[PDB]
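Student: First, the structure itself, so that you have it in front of you.
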Protein chains: 2
Amino acid sequence: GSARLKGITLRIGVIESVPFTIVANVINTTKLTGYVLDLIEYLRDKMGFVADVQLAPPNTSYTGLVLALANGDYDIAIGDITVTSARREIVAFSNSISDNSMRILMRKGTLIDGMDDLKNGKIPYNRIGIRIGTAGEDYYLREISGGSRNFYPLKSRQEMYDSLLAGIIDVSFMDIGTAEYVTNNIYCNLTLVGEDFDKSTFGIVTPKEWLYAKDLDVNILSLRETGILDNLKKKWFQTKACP
Amino acid sequence: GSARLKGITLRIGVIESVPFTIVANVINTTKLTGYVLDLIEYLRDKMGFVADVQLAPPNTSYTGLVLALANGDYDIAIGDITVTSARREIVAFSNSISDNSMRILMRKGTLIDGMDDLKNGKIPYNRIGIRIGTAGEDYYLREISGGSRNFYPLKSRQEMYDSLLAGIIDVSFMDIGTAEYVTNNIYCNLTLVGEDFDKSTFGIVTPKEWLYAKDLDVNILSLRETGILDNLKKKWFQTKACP
Ligand code: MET
Ligand code: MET
Ligand SMILES: [Cl-]
Ligand SMILES: [Cl-]
Ligand SMILES: [Cl-]
Ligand SMILES: [Cl-]
Ligand SMILES: [Cl-]
Ligand SMILES: [Cl-]
Ligand SMILES: [Cl-]
């Protein structure tokens, strides 16, 4: 059957990723803001659930978040979470909240023209940094290395940026939204190269055969139709600090 | 509960729309080809269902196709079918098979800059053609006419083209993929104008709470990941016959 989320408490898993989910230390506690938190508020206001927002532990991967939900740790998870076939085997996803694709990230001045350089072996595989438990890893294993885990593994975006800046790796992969955001606002010495790749979608993770699937989907689609999702994207992503 | 589609017969509703579902008569019998027919065969090969493909009667609308499925006339429906909030109330949708948006269609030479001209009343409402029972109608009512069905109603794409060419209407709306195909291959004197609008997705229509939801979704996502959906889009949409 189906039912409405009105009155229900949802444990909502979120994962740090600026400007989707921004974690600020304050004194001492944490305050969450961002596209995701604003989305939650639009859904809460319309649907009437009580939002119990739970930030995933540091270094949790995207796959880890999904598995945690599947094991009953959260009721739903909201973020820049790519819909993939392996994930869909164990959880369901809402209608898409955003289109997505990936970009190559590198230091400015690095002699890389695009994905051909990665696939032709111009870069040593152990100098391609890949965050384990991400769709980027899925792409890498499918399209670059033929199943071999021969990349430089990364535990977080922060390790990615630090390793690029330190010259420990030469490239990595990011989703296009955050890729643009961080290269235009935080790391002025990092840049994007090549064509975008792996066109995909982000969706809200839910349990398989969830009682509340229809309620959530109708509401997401209504936010899409009425321009709210576009408004939130502009609010959080249309900024550029770097000169 | 859940089940696999192997060995199961699916009645698959399709709807004429070149080059998604292309309908020919031959000598008397009907032949179907296109992106949709190829997609069905990719899914059949991997999932092992028995395909019973059924073409919707002439002048069936997109809303009509969805309602026919909800009434039990089909098991699934595959085509250039937009996922909307109103439809999700009565049916479910698979994982997206394609991103989508709409374009303004017009005769070459018509002095329309973009959607603002329609919203400002540059065009008399009876010269804006809208196919009833489509997402274009939904958009018109929400964003242009404040709920007033004051447009020139159309029963099919053919009536849309004929009406534009005869000078009975000045503009209509199409999905981007087919809009490009038709103006680049069939009607060389029609053209597209303005920014894209109503970003959306296409999905396979299924019953709500369907037993086979996961099997279908995992397989669509696998076709995405392995590049088959990209290959199919290239095969059917890359052509440009017009000079
Ligand atoms: C470029 S990989 C970034 C994370 C990705 N959106 C995921 O869900 O795995
Ligand atoms: C521009 S409306 C074209 C039909 C649309 N894809 C629908 O499902 O209603
Ligand atoms: Cl969707
Ligand atoms: Cl990323
Ligand atoms: Cl499911
Ligand atoms: Cl999707
Ligand atoms: Cl416009
Ligand atoms: Cl169309
Ligand atoms: Cl449902």
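In the structure tokens, the first chain shown is A, the next is B, and so on; residue numbers restart at 1 for each chain, and ligands run from 1 in the order shown.
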At a cut-off of 9 Å around ligand 9, and using only C-alpha atoms and all ligand atoms, what residues come up? Please write them as a ChimeraX atom specification.

Tutor: /A:1-2,209-215,217 /B:88-93,207-210

Student: For the residues in that selection, give me N, CA and C atoms as a PDB file, in the first residue's frame.

Tutor:
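Full text of part-v6.pdb as output:
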```pdb
ATOM      1  N   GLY A   1       0.832  -1.236   0.000  1.00  0.00           N
ATOM      2  CA  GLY A   1       0.000   0.000   0.000  1.00  0.00           C
ATOM      3  C   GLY A   1       0.848   1.260   0.000  1.00  0.00           C
ATOM      4  N   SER A   2       0.183   2.398   0.179  1.00  0.00           N
ATOM      5  CA  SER A   2       0.857   3.693   0.236  1.00  0.00           C
ATOM      6  C   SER A   2       0.268   4.533   1.366  1.00  0.00           C
ATOM      7  N   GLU A 209      10.523  -0.722  -1.985  1.00  0.00           N
ATOM      8  CA  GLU A 209       9.092  -0.936  -1.750  1.00  0.00           C
ATOM      9  C   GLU A 209       8.567  -0.082  -0.590  1.00  0.00           C
ATOM     10  N   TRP A 210       9.021   1.164  -0.541  1.00  0.00           N
ATOM     11  CA  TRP A 210       8.700   2.076   0.566  1.00  0.00           C
ATOM     12  C   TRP A 210       7.249   2.526   0.573  1.00  0.00           C
ATOM     13  N   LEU A 211       6.628   2.487   1.756  1.00  0.00           N
ATOM     14  CA  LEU A 211       5.238   2.899   1.902  1.00  0.00           C
ATOM     15  C   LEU A 211       4.955   4.311   1.351  1.00  0.00           C
ATOM     16  N   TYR A 212       5.945   5.193   1.418  1.00  0.00           N
ATOM     17  CA  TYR A 212       5.740   6.612   1.184  1.00  0.00           C
ATOM     18  C   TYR A 212       6.319   7.067  -0.176  1.00  0.00           C
ATOM     19  N   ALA A 213       6.622   6.109  -1.048  1.00  0.00           N
ATOM     20  CA  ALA A 213       7.282   6.410  -2.325  1.00  0.00           C
ATOM     21  C   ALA A 213       6.508   7.422  -3.153  1.00  0.00           C
ATOM     22  N   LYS A 214       5.199   7.200  -3.300  1.00  0.00           N
ATOM     23  CA  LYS A 214       4.402   8.082  -4.143  1.00  0.00           C
ATOM     24  C   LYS A 214       4.351   9.504  -3.579  1.00  0.00           C
ATOM     25  N   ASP A 215       4.143   9.635  -2.271  1.00  0.00           N
ATOM     26  CA  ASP A 215       4.068  10.944  -1.644  1.00  0.00           C
ATOM     27  C   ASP A 215       5.354  11.728  -1.952  1.00  0.00           C
ATOM     28  N   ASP A 217       7.676  11.236  -4.320  1.00  0.00           N
ATOM     29  CA  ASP A 217       7.859  11.482  -5.753  1.00  0.00           C
ATOM     30  C   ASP A 217       6.950  12.608  -6.264  1.00  0.00           C
TER      31      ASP A 217
ATOM     32  N   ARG B  88       2.183  10.851 -11.794  1.00  0.00           N
ATOM     33  CA  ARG B  88       2.762   9.990 -10.729  1.00  0.00           C
ATOM     34  C   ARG B  88       1.717   9.657  -9.661  1.00  0.00           C
ATOM     35  N   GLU B  89       0.637  10.454  -9.606  1.00  0.00           N
ATOM     36  CA  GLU B  89      -0.470  10.126  -8.698  1.00  0.00           C
ATOM     37  C   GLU B  89      -1.147   8.806  -9.085  1.00  0.00           C
ATOM     38  N   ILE B  90      -1.135   8.461 -10.379  1.00  0.00           N
ATOM     39  CA  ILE B  90      -1.890   7.308 -10.860  1.00  0.00           C
ATOM     40  C   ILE B  90      -1.081   6.137 -11.428  1.00  0.00           C
ATOM     41  N   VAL B  91       0.188   6.394 -11.749  1.00  0.00           N
ATOM     42  CA  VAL B  91       1.106   5.387 -12.234  1.00  0.00           C
ATOM     43  C   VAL B  91       2.480   5.643 -11.632  1.00  0.00           C
ATOM     44  N   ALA B  92       3.366   4.664 -11.764  1.00  0.00           N
ATOM     45  CA  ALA B  92       4.762   4.848 -11.412  1.00  0.00           C
ATOM     46  C   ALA B  92       5.584   5.017 -12.679  1.00  0.00           C
ATOM     47  N   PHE B  93       6.825   5.485 -12.504  1.00  0.00           N
ATOM     48  CA  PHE B  93       7.768   5.615 -13.601  1.00  0.00           C
ATOM     49  C   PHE B  93       9.068   4.921 -13.222  1.00  0.00           C
ATOM     50  N   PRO B 207       2.703   0.131 -13.488  1.00  0.00           N
ATOM     51  CA  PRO B 207       1.702   0.267 -12.437  1.00  0.00           C
ATOM     52  C   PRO B 207       2.363   0.737 -11.143  1.00  0.00           C
ATOM     53  N   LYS B 208       1.589   1.405 -10.286  1.00  0.00           N
ATOM     54  CA  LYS B 208       2.081   1.721  -8.948  1.00  0.00           C
ATOM     55  C   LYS B 208       2.335   0.434  -8.178  1.00  0.00           C
ATOM     56  N   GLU B 209       3.333   0.470  -7.299  1.00  0.00           N
ATOM     57  CA  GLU B 209       3.704  -0.674  -6.464  1.00  0.00           C
ATOM     58  C   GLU B 209       3.904  -1.951  -7.285  1.00  0.00           C
ATOM     59  N   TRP B 210       4.597  -1.825  -8.414  1.00  0.00           N
ATOM     60  CA  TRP B 210       4.732  -2.937  -9.349  1.00  0.00           C
ATOM     61  C   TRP B 210       5.706  -3.977  -8.822  1.00  0.00           C
TER      62      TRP B 210
END
```

Student: Write out as a tab-separated table a residue-level contact list of chain B versus chain A with cut-off 6 Å: for each qualifying residue the closest pair of atoms and the distance in Å to one decimal, counting only C-alpha atoms, rows sorted by chain and residue number upward.

Tutor:
```
residue	atom	partner	partner_atom	distance
B:85	CA	A:218	CA	4.8
B:218	CA	A:85	CA	4.7
B:221	CA	A:85	CA	5.0
B:222	CA	A:85	CA	5.7
```

Student: Restrict the selected residues to N, CA and C atoms and save them as a short mmCIF file (atom, residue, chain, number, x, y, z; two decimals), in the first residue's frame.

Tutor:
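Just written: out01.cif:
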```
data_model
loop_
_atom_site.label_atom_id
_atom_site.label_comp_id
_atom_site.auth_asym_id
_atom_site.auth_seq_id
_atom_site.Cartn_x
_atom_site.Cartn_y
_atom_site.Cartn_z
N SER B 85 4.10 15.23 -12.04
CA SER B 85 3.49 15.04 -10.71
C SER B 85 2.07 14.48 -10.81
N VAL B 218 17.03 -1.62 -12.48
CA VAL B 218 18.43 -2.04 -12.55
C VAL B 218 18.89 -2.20 -13.99
N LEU B 221 19.33 1.21 -15.77
CA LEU B 221 20.54 1.85 -15.31
C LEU B 221 21.80 1.19 -15.87
N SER B 222 21.75 -0.13 -16.01
CA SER B 222 22.83 -0.86 -16.64
C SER B 222 23.00 -0.46 -18.12
#
```

Student: Can you tell me which residues sit at most 9 Å away from ligand 4, counting only C-alpha atoms and all ligand atoms, written as a list in words?

Tutor: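 Protein and nucleic-acid residues within 9 Å of ligand 4: residues 17, 80, 102, 103, 134, 136, 157, 173, 174, 175, 176, 177, 178 and 179 of chain A.
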
Student: Taking N, CA and C atoms for each residue, export the selection above as a PDB file, in the first residue's frame.

Tutor:
```
ATOM      1  N   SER A  17      29.189  18.018   1.661  1.00  0.00           N
ATOM      2  CA  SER A  17      29.525  18.327   0.269  1.00  0.00           C
ATOM      3  C   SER A  17      29.073  19.743  -0.066  1.00  0.00           C
ATOM      4  N   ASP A  80      23.929  14.788  -3.048  1.00  0.00           N
ATOM      5  CA  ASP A  80      24.459  14.608  -4.384  1.00  0.00           C
ATOM      6  C   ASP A  80      24.809  13.136  -4.609  1.00  0.00           C
ATOM      7  N   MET A 102      30.107  14.092 -14.919  1.00  0.00           N
ATOM      8  CA  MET A 102      31.381  14.259 -14.234  1.00  0.00           C
ATOM      9  C   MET A 102      32.370  15.051 -15.087  1.00  0.00           C
ATOM     10  N   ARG A 103      33.329  15.657 -14.410  1.00  0.00           N
ATOM     11  CA  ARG A 103      34.413  16.396 -15.031  1.00  0.00           C
ATOM     12  C   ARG A 103      35.746  15.931 -14.462  1.00  0.00           C
ATOM     13  N   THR A 134      32.354   5.554  -4.693  1.00  0.00           N
ATOM     14  CA  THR A 134      31.706   6.591  -5.460  1.00  0.00           C
ATOM     15  C   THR A 134      31.451   6.152  -6.897  1.00  0.00           C
ATOM     16  N   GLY A 136      32.438   7.736  -9.405  1.00  0.00           N
ATOM     17  CA  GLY A 136      33.693   7.960 -10.090  1.00  0.00           C
ATOM     18  C   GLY A 136      34.503   6.684 -10.096  1.00  0.00           C
ATOM     19  N   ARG A 157      36.713  14.189  -0.350  1.00  0.00           N
ATOM     20  CA  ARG A 157      37.077  15.295  -1.234  1.00  0.00           C
ATOM     21  C   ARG A 157      38.279  16.043  -0.679  1.00  0.00           C
ATOM     22  N   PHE A 173      38.265  12.914 -10.433  1.00  0.00           N
ATOM     23  CA  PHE A 173      36.957  13.112 -11.022  1.00  0.00           C
ATOM     24  C   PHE A 173      36.045  13.769  -9.994  1.00  0.00           C
ATOM     25  N   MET A 174      35.181  14.662 -10.469  1.00  0.00           N
ATOM     26  CA  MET A 174      34.116  15.238  -9.653  1.00  0.00           C
ATOM     27  C   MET A 174      32.814  15.326 -10.425  1.00  0.00           C
ATOM     28  N   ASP A 175      31.695  15.378  -9.692  1.00  0.00           N
ATOM     29  CA  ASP A 175      30.415  15.720 -10.315  1.00  0.00           C
ATOM     30  C   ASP A 175      30.453  17.165 -10.779  1.00  0.00           C
ATOM     31  N   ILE A 176      29.743  17.472 -11.855  1.00  0.00           N
ATOM     32  CA  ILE A 176      29.908  18.758 -12.510  1.00  0.00           C
ATOM     33  C   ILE A 176      29.481  19.946 -11.631  1.00  0.00           C
ATOM     34  N   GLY A 177      28.392  19.793 -10.894  1.00  0.00           N
ATOM     35  CA  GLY A 177      27.933  20.887 -10.042  1.00  0.00           C
ATOM     36  C   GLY A 177      28.968  21.324  -9.023  1.00  0.00           C
ATOM     37  N   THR A 178      29.421  20.386  -8.211  1.00  0.00           N
ATOM     38  CA  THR A 178      30.424  20.708  -7.211  1.00  0.00           C
ATOM     39  C   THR A 178      31.794  21.008  -7.849  1.00  0.00           C
ATOM     40  N   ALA A 179      32.099  20.353  -8.961  1.00  0.00           N
ATOM     41  CA  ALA A 179      33.361  20.635  -9.652  1.00  0.00           C
ATOM     42  C   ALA A 179      33.488  22.107 -10.025  1.00  0.00           C
TER      43      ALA A 179
END
```

Student: Pick out the residues sitting within 10 Å of stretch 108-116 of chain B, and hand them over as a VMD selection string; count only C-alpha atoms, and ignore anything fewer than 6 positions along from it in its own chain.

Tutor: chain B and resid 122 to 123 143 to 144 170 to 171 188 to 197

Student: Could you write out, as a PDB file with N, CA and C atoms, in the first residue's frame, all the residues of stretch 20-221 of chain A that DSSP marks as strand (DSSP E)?

Tutor:
```
ATOM      1  N   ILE A  22      26.548  21.811   3.955  1.00  0.00           N
ATOM      2  CA  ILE A  22      27.657  22.592   4.483  1.00  0.00           C
ATOM      3  C   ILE A  22      27.622  22.467   5.985  1.00  0.00           C
ATOM      4  N   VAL A  23      28.745  22.087   6.571  1.00  0.00           N
ATOM      5  CA  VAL A  23      28.834  21.836   8.001  1.00  0.00           C
ATOM      6  C   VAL A  23      29.689  22.931   8.600  1.00  0.00           C
ATOM      7  N   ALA A  24      29.113  23.704   9.506  1.00  0.00           N
ATOM      8  CA  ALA A  24      29.869  24.766  10.150  1.00  0.00           C
ATOM      9  C   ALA A  24      30.010  24.435  11.617  1.00  0.00           C
ATOM     10  N   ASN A  25      31.222  24.592  12.154  1.00  0.00           N
ATOM     11  CA  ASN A  25      31.431  24.506  13.587  1.00  0.00           C
ATOM     12  C   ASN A  25      31.156  25.863  14.191  1.00  0.00           C
ATOM     13  N   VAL A  26      30.453  25.832  15.309  1.00  0.00           N
ATOM     14  CA  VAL A  26      29.969  27.014  15.990  1.00  0.00           C
ATOM     15  C   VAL A  26      30.182  26.780  17.475  1.00  0.00           C
ATOM     16  N   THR A  29      28.871  23.530  18.747  1.00  0.00           N
ATOM     17  CA  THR A  29      27.956  22.655  18.039  1.00  0.00           C
ATOM     18  C   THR A  29      28.165  22.788  16.540  1.00  0.00           C
ATOM     19  N   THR A  30      27.410  22.014  15.771  1.00  0.00           N
ATOM     20  CA  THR A  30      27.449  22.133  14.319  1.00  0.00           C
ATOM     21  C   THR A  30      26.132  22.679  13.800  1.00  0.00           C
ATOM     22  N   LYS A  31      26.219  23.443  12.721  1.00  0.00           N
ATOM     23  CA  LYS A  31      25.058  23.979  12.045  1.00  0.00           C
ATOM     24  C   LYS A  31      25.165  23.533  10.590  1.00  0.00           C
ATOM     25  N   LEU A  32      24.085  22.957  10.070  1.00  0.00           N
ATOM     26  CA  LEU A  32      24.030  22.518   8.678  1.00  0.00           C
ATOM     27  C   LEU A  32      23.246  23.520   7.843  1.00  0.00           C
ATOM     28  N   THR A  33      23.778  23.832   6.664  1.00  0.00           N
ATOM     29  CA  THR A  33      23.092  24.691   5.709  1.00  0.00           C
ATOM     30  C   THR A  33      23.334  24.109   4.321  1.00  0.00           C
ATOM     31  N   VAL A  50       8.493  15.188  10.480  1.00  0.00           N
ATOM     32  CA  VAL A  50       9.465  15.830  11.352  1.00  0.00           C
ATOM     33  C   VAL A  50      10.814  15.392  10.845  1.00  0.00           C
ATOM     34  N   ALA A  51      11.674  16.353  10.527  1.00  0.00           N
ATOM     35  CA  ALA A  51      12.968  16.020   9.933  1.00  0.00           C
ATOM     36  C   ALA A  51      13.993  15.797  11.038  1.00  0.00           C
ATOM     37  N   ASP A  52      14.547  14.588  11.118  1.00  0.00           N
ATOM     38  CA  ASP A  52      15.677  14.286  12.008  1.00  0.00           C
ATOM     39  C   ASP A  52      16.934  14.106  11.162  1.00  0.00           C
ATOM     40  N   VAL A  53      17.646  15.203  10.930  1.00  0.00           N
ATOM     41  CA  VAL A  53      18.753  15.195   9.978  1.00  0.00           C
ATOM     42  C   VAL A  53      20.027  14.713  10.677  1.00  0.00           C
ATOM     43  N   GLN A  54      20.646  13.712  10.067  1.00  0.00           N
ATOM     44  CA  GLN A  54      21.810  13.051  10.634  1.00  0.00           C
ATOM     45  C   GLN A  54      22.968  13.075   9.642  1.00  0.00           C
ATOM     46  N   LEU A  55      24.030  13.784  10.004  1.00  0.00           N
ATOM     47  CA  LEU A  55      25.203  13.872   9.151  1.00  0.00           C
ATOM     48  C   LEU A  55      26.016  12.581   9.257  1.00  0.00           C
ATOM     49  N   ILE A  76      15.565   7.877   4.942  1.00  0.00           N
ATOM     50  CA  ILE A  76      15.904   8.353   3.588  1.00  0.00           C
ATOM     51  C   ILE A  76      17.278   9.022   3.646  1.00  0.00           C
ATOM     52  N   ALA A  77      17.894   9.217   2.486  1.00  0.00           N
ATOM     53  CA  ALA A  77      19.159   9.952   2.401  1.00  0.00           C
ATOM     54  C   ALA A  77      19.077  10.922   1.234  1.00  0.00           C
ATOM     55  N   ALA A  92      15.804   1.891  -3.159  1.00  0.00           N
ATOM     56  CA  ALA A  92      15.114   2.599  -4.215  1.00  0.00           C
ATOM     57  C   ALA A  92      15.541   4.066  -4.235  1.00  0.00           C
ATOM     58  N   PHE A  93      15.179   4.755  -5.324  1.00  0.00           N
ATOM     59  CA  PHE A  93      15.472   6.165  -5.470  1.00  0.00           C
ATOM     60  C   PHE A  93      14.211   6.892  -5.883  1.00  0.00           C
ATOM     61  N   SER A  98      18.101  16.183  -9.866  1.00  0.00           N
ATOM     62  CA  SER A  98      19.021  16.940 -10.703  1.00  0.00           C
ATOM     63  C   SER A  98      19.620  16.012 -11.754  1.00  0.00           C
ATOM     64  N   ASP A  99      19.900  16.563 -12.928  1.00  0.00           N
ATOM     65  CA  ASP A  99      20.751  15.856 -13.866  1.00  0.00           C
ATOM     66  C   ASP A  99      22.173  15.955 -13.325  1.00  0.00           C
ATOM     67  N   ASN A 100      23.080  15.151 -13.868  1.00  0.00           N
ATOM     68  CA  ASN A 100      24.449  15.165 -13.411  1.00  0.00           C
ATOM     69  C   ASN A 100      25.363  14.616 -14.496  1.00  0.00           C
ATOM     70  N   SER A 101      26.635  14.965 -14.383  1.00  0.00           N
ATOM     71  CA  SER A 101      27.697  14.374 -15.209  1.00  0.00           C
ATOM     72  C   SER A 101      28.987  14.625 -14.431  1.00  0.00           C
ATOM     73  N   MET A 102      30.107  14.092 -14.919  1.00  0.00           N
ATOM     74  CA  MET A 102      31.381  14.259 -14.234  1.00  0.00           C
ATOM     75  C   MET A 102      32.370  15.051 -15.087  1.00  0.00           C
ATOM     76  N   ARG A 103      33.329  15.657 -14.410  1.00  0.00           N
ATOM     77  CA  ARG A 103      34.413  16.396 -15.031  1.00  0.00           C
ATOM     78  C   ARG A 103      35.746  15.931 -14.462  1.00  0.00           C
ATOM     79  N   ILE A 104      36.798  16.073 -15.265  1.00  0.00           N
ATOM     80  CA  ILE A 104      38.149  15.878 -14.793  1.00  0.00           C
ATOM     81  C   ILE A 104      38.703  17.109 -14.066  1.00  0.00           C
ATOM     82  N   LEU A 105      39.253  16.896 -12.868  1.00  0.00           N
ATOM     83  CA  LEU A 105      39.837  17.940 -12.027  1.00  0.00           C
ATOM     84  C   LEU A 105      41.343  17.786 -11.997  1.00  0.00           C
ATOM     85  N   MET A 106      42.054  18.892 -12.176  1.00  0.00           N
ATOM     86  CA  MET A 106      43.505  18.880 -12.097  1.00  0.00           C
ATOM     87  C   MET A 106      44.056  20.217 -11.612  1.00  0.00           C
ATOM     88  N   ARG A 107      45.354  20.230 -11.318  1.00  0.00           N
ATOM     89  CA  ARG A 107      46.086  21.466 -11.078  1.00  0.00           C
ATOM     90  C   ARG A 107      46.198  22.260 -12.365  1.00  0.00           C
ATOM     91  N   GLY A 129      43.789   9.869  -8.836  1.00  0.00           N
ATOM     92  CA  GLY A 129      43.132   9.722  -7.545  1.00  0.00           C
ATOM     93  C   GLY A 129      41.643   9.488  -7.686  1.00  0.00           C
ATOM     94  N   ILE A 130      41.131   8.482  -6.984  1.00  0.00           N
ATOM     95  CA  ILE A 130      39.724   8.131  -7.073  1.00  0.00           C
ATOM     96  C   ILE A 130      39.204   7.900  -5.656  1.00  0.00           C
ATOM     97  N   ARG A 131      38.096   8.540  -5.319  1.00  0.00           N
ATOM     98  CA  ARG A 131      37.443   8.296  -4.046  1.00  0.00           C
ATOM     99  C   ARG A 131      36.718   6.967  -4.054  1.00  0.00           C
ATOM    100  N   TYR A 152      45.048   5.702  -7.180  1.00  0.00           N
ATOM    101  CA  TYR A 152      45.425   6.164  -5.845  1.00  0.00           C
ATOM    102  C   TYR A 152      44.118   6.365  -5.079  1.00  0.00           C
ATOM    103  N   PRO A 153      43.869   5.536  -4.058  1.00  0.00           N
ATOM    104  CA  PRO A 153      42.570   5.649  -3.388  1.00  0.00           C
ATOM    105  C   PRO A 153      42.487   6.881  -2.505  1.00  0.00           C
ATOM    106  N   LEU A 154      41.287   7.462  -2.435  1.00  0.00           N
ATOM    107  CA  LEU A 154      41.025   8.666  -1.653  1.00  0.00           C
ATOM    108  C   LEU A 154      39.818   8.443  -0.742  1.00  0.00           C
ATOM    109  N   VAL A 171      45.370  13.923 -11.350  1.00  0.00           N
ATOM    110  CA  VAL A 171      43.974  14.184 -11.665  1.00  0.00           C
ATOM    111  C   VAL A 171      43.029  13.439 -10.751  1.00  0.00           C
ATOM    112  N   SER A 172      41.776  13.870 -10.782  1.00  0.00           N
ATOM    113  CA  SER A 172      40.676  13.125 -10.191  1.00  0.00           C
ATOM    114  C   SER A 172      39.372  13.477 -10.923  1.00  0.00           C
ATOM    115  N   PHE A 173      38.265  12.914 -10.433  1.00  0.00           N
ATOM    116  CA  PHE A 173      36.957  13.112 -11.022  1.00  0.00           C
ATOM    117  C   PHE A 173      36.045  13.769  -9.994  1.00  0.00           C
ATOM    118  N   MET A 174      35.181  14.662 -10.469  1.00  0.00           N
ATOM    119  CA  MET A 174      34.116  15.238  -9.653  1.00  0.00           C
ATOM    120  C   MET A 174      32.814  15.326 -10.425  1.00  0.00           C
ATOM    121  N   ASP A 175      31.695  15.378  -9.692  1.00  0.00           N
ATOM    122  CA  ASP A 175      30.415  15.720 -10.315  1.00  0.00           C
ATOM    123  C   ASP A 175      30.453  17.165 -10.779  1.00  0.00           C
ATOM    124  N   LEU A 190      43.091  25.064  -8.944  1.00  0.00           N
ATOM    125  CA  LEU A 190      42.624  23.827  -9.580  1.00  0.00           C
ATOM    126  C   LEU A 190      41.727  24.201 -10.766  1.00  0.00           C
ATOM    127  N   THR A 191      41.573  23.289 -11.721  1.00  0.00           N
ATOM    128  CA  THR A 191      40.770  23.596 -12.891  1.00  0.00           C
ATOM    129  C   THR A 191      40.149  22.334 -13.470  1.00  0.00           C
ATOM    130  N   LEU A 192      39.206  22.529 -14.385  1.00  0.00           N
ATOM    131  CA  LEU A 192      38.497  21.425 -15.036  1.00  0.00           C
ATOM    132  C   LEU A 192      39.002  21.301 -16.463  1.00  0.00           C
ATOM    133  N   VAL A 193      39.088  20.076 -16.973  1.00  0.00           N
ATOM    134  CA  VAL A 193      39.570  19.860 -18.330  1.00  0.00           C
ATOM    135  C   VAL A 193      38.733  18.792 -19.026  1.00  0.00           C
ATOM    136  N   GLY A 194      38.604  18.918 -20.340  1.00  0.00           N
ATOM    137  CA  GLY A 194      37.915  17.916 -21.130  1.00  0.00           C
ATOM    138  C   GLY A 194      36.403  18.013 -21.137  1.00  0.00           C
ATOM    139  N   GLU A 195      35.798  17.096 -21.882  1.00  0.00           N
ATOM    140  CA  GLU A 195      34.344  17.024 -22.003  1.00  0.00           C
ATOM    141  C   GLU A 195      33.740  16.399 -20.768  1.00  0.00           C
ATOM    142  N   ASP A 196      32.485  16.710 -20.475  1.00  0.00           N
ATOM    143  CA  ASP A 196      31.880  16.042 -19.339  1.00  0.00           C
ATOM    144  C   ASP A 196      31.551  14.622 -19.761  1.00  0.00           C
ATOM    145  N   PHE A 197      31.380  13.746 -18.786  1.00  0.00           N
ATOM    146  CA  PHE A 197      31.199  12.322 -19.079  1.00  0.00           C
ATOM    147  C   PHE A 197      30.270  11.673 -18.050  1.00  0.00           C
ATOM    148  N   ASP A 198      29.802  10.458 -18.343  1.00  0.00           N
ATOM    149  CA  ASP A 198      28.960   9.703 -17.405  1.00  0.00           C
ATOM    150  C   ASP A 198      27.681  10.446 -17.006  1.00  0.00           C
ATOM    151  N   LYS A 199      26.902  10.835 -17.995  1.00  0.00           N
ATOM    152  CA  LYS A 199      25.649  11.551 -17.736  1.00  0.00           C
ATOM    153  C   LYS A 199      24.769  10.671 -16.854  1.00  0.00           C
ATOM    154  N   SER A 200      24.205  11.268 -15.809  1.00  0.00           N
ATOM    155  CA  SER A 200      23.555  10.526 -14.769  1.00  0.00           C
ATOM    156  C   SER A 200      22.528  11.407 -14.056  1.00  0.00           C
ATOM    157  N   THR A 201      22.006  10.921 -12.941  1.00  0.00           N
ATOM    158  CA  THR A 201      21.039  11.694 -12.163  1.00  0.00           C
ATOM    159  C   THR A 201      21.331  11.533 -10.679  1.00  0.00           C
ATOM    160  N   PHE A 202      20.861  12.475  -9.864  1.00  0.00           N
ATOM    161  CA  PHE A 202      20.854  12.363  -8.430  1.00  0.00           C
ATOM    162  C   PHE A 202      19.435  12.086  -7.976  1.00  0.00           C
ATOM    163  N   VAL A 205      17.542   8.626  -1.757  1.00  0.00           N
ATOM    164  CA  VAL A 205      17.591   7.221  -1.459  1.00  0.00           C
ATOM    165  C   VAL A 205      16.474   6.883  -0.490  1.00  0.00           C
ATOM    166  N   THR A 206      15.727   5.815  -0.781  1.00  0.00           N
ATOM    167  CA  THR A 206      14.684   5.336   0.120  1.00  0.00           C
ATOM    168  C   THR A 206      14.781   3.821   0.232  1.00  0.00           C
TER     169      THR A 206
END
```

Student: One number please: atom CA of residue B:12 to atom CA of residue B:161, in Å, one decimal.

Tutor: 27.7 Å

Student: Would you mind writing down, as an MDAnalysis selection string, each residue of stretch 122-227 of chain B that DSSP on the backbone assigns to alpha helix (DSSP H)?

Tutor: chainID B and resid 135:139 157:165 176:185 213:225

Student: I'd like to know which of B:60, B:126, B:71, B:231 is closest to ligand 2, using only C-alpha atoms and all ligand atoms.

Tutor: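 Between B:60, B:126, B:71, B:231, the residue approaching ligand 2 most closely is B:60.
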
Student: Between atom CA of residue B:155 and atom CA of residue B:236, what is the distance, to one decimal in Å?

Tutor: 24.9 Å
